[PDB]
Amino acid sequence: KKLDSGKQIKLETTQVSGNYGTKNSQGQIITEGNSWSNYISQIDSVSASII
Amino acid sequence: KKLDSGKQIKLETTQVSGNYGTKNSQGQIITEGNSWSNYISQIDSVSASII
Amino acid sequence: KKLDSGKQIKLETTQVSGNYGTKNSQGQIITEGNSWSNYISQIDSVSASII
Amino acid sequence: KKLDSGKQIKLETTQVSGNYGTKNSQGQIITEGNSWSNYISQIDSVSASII
Amino acid sequence: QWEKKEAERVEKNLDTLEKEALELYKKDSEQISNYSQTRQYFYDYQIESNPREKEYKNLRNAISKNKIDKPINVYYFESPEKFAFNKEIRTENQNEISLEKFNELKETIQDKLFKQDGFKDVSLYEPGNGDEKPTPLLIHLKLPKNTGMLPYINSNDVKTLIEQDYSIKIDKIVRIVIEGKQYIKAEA
């Protein structure tokens, strides 16, 4: 009922998961067990942010 | 019906699980099998608490 | 209908499953493949009980 | 409604998957990770068809 | 898990005598390796009638069944005595390597050629936490194309068993720090 009015729904992002690419013993690229969130807390804590 | 009165619902935390980070053979941070629950009991029985 | 009377429901534990901690090749504590049920029947057969 | 008439349902195969067997020095045969779809294209590109 | 399953796959599609040889290797690699080193210096009948001979053959013929298609970098620990360094670089308990011992190991392996032989267990990565680091000298070698390398499992890890039939030429050595101990890394 409140949505059938001026009220609108907002969408916000709380986190994003995803992988990065590495190379195994051969020249093959692997992006499966390479979680980005393993480094998110580490890069944010040793660096300055520039936008 | 009792919720439709001065009664409120409380929320309490009984436990929390999660992982920590380590470096495997190649220089990647792994946080999948590294459960914190394996150490909680061992940290509480060895330490003194300070808040 | 018999619960809307003096009859109460009793709870009773028939068994409990759980894990124990060991250290792997590294200095990490593992509690996943280590089941207590593998030892109960053994511990109960080479011991005396004291409460 | 159109099926309660002369109209018939036809069935056509679009693809088939399955395994081949690989032997060893003994007669131990494995037919699980041996998908035929890995070779179909490769056989259809280097060959001539005779029916 | 991919390399695990590939090693467990190679270790099933081979002869049963080769399985027996490799399984005997999983526990008694010491004298098997000594034999693969010093076997060639006996008599003909002495070589053939020797009991440890044939299974060697078998395991040997296993190694040559899995050749690589491109050069592969491997790492393994080595004692300095293998390179005619008849003294200790640093005690297994010490953490630092003296500049003098470093320069001595440099000037004693400058431009020599060291022929190798026998079986050798290697890995495809630098040793890290939990890995066994017995000697202060780590060799980083590049195996060429068409080099037999049999992967196997000693019930807890994965190793690569090769047979070396070449000579090694150390080019440069550097001081490394791993987990708080100093090592020598040599390029061969």
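Every number in this text was worked out from the coordinates using simple rules, so none of it is lab data. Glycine also receives a Cβ, built like all others from the backbone with ideal geometry; neighbour counts cover every protein chain displayed.
Let me test this: with uniform point scatterers at the alpha carbons of the range E:126-188, what is the Debye-based log₁₀ I(q)/I(0) at q = 0.13, 0.17, 0.27 1/Å?
Each listed q corresponds, in turn, to -0.47, -0.79, -1.21.
Counting each DSSP H run of 4 or more residues in the protein assembly as shown as -39500 (n - 2.57), what helix-only mean residue ellipticity at 222 nm follows after dividing by all residues, to the nearest 500 deg cm²/dmol?
After summing the helix terms and dividing by residue count, I get -7000 deg cm²/dmol.
Give me the net charge for the shell around E:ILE32: Cβ to Cβ below 9 angstrom, other residues only, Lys and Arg +1, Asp and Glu -1.
-2
Relative contact order (percent) for chain B, with alpha-carbon contacts under 8 angstrom and 6 or more residues of separation?
24 percent
Name the residues whose placed amide hydrogens come within less than 5 Å of the amide hydrogen of E:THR147, ignoring near sequence neighbours (fewer than 5 apart) on the same chain.
Close amide H contacts, sequence-distant or interchain: E:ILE68.
Report, in whole Å, the centroid distance computed from the Cα atoms of the range E:3-40 and the range E:113-188.
Taking the Cα centre of the range E:113-188 as reference, the centre of the range E:3-40 is 18 Å away.
Order by neighbour count: E:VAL177, E:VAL74, fewest other Cβ atoms within 10 Å first, most last.
Taking fewest neighbouring Cβ atoms as first place, the list is E:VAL177, E:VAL74.
Calculate the radius of gyration of the Cα atoms of the range E:89-130 to one decimal place, then report Dmax, the largest Cα-Cα distance, as a whole number, both in Å.
Using the Cα atoms of the range E:89-130, the pair Rg, Dmax is 14.5, 34 Å.
Restricting things to alpha carbons, tell me how big the protein assembly as shown is in terms of Rg and Dmax, in Å.
Every Cα atom of the protein assembly as shown included, Rg and Dmax give 31.5, 101 Å.
Can you give me the three principal axis dimensions of chain E from its C-alpha atoms, in Å, biggest first?
Each principal axis gives a Cα extent; for chain E these are 51, 45, 32 Å.
Which of these, D:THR22, D:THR13, D:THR31, has the largest mean-square fluctuation under a Gaussian network model of chain D (Cα springs below 10 Å)?
Largest GNM mean-square fluctuation: D:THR13.
On a straight-distance basis, which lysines could pair with D:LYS2 in a cross-link, Cα separation under 22 angstrom, same-chain partners fewer than 8 positions away excluded?
D:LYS10
Just the ratio, please: alpha-carbon radius of gyration of the range E:10-80 over 2.2 N^0.38 Å, N its number of residues.
My calculation over the Cα atoms of the range E:10-80 gives 1.27.
Over chain C, consider all pairs of different Cα atoms and compute the Kirkwood hydrodynamic radius from their mean reciprocal separation; express it in Å, one decimal.
Mean inverse Cα-Cα distance, inverted, gives 15.0 Å.
In whole Hz and in residue order, list the ³J(HN,Hα) couplings for the range D:33-39 that follow from phi through the Karplus curve 6.51 cos²θ - 1.76 cosθ + 1.60, θ = phi - 60°; x for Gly and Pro.
x, 9, 7, 6, 4, 5, 10
State, as an integer percentage, the relative contact order of chain E based on alpha-carbon contacts under 8 Å between residues 6 or more apart.
Relative contact order, chain E: 27 percent.
Give the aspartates and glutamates whose C-alpha is closer than 12 Å to that of E:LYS142, dropping any in the same chain fewer than 8 places away, or say none.
Candidates past the 8-residue exclusion: E:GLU187.
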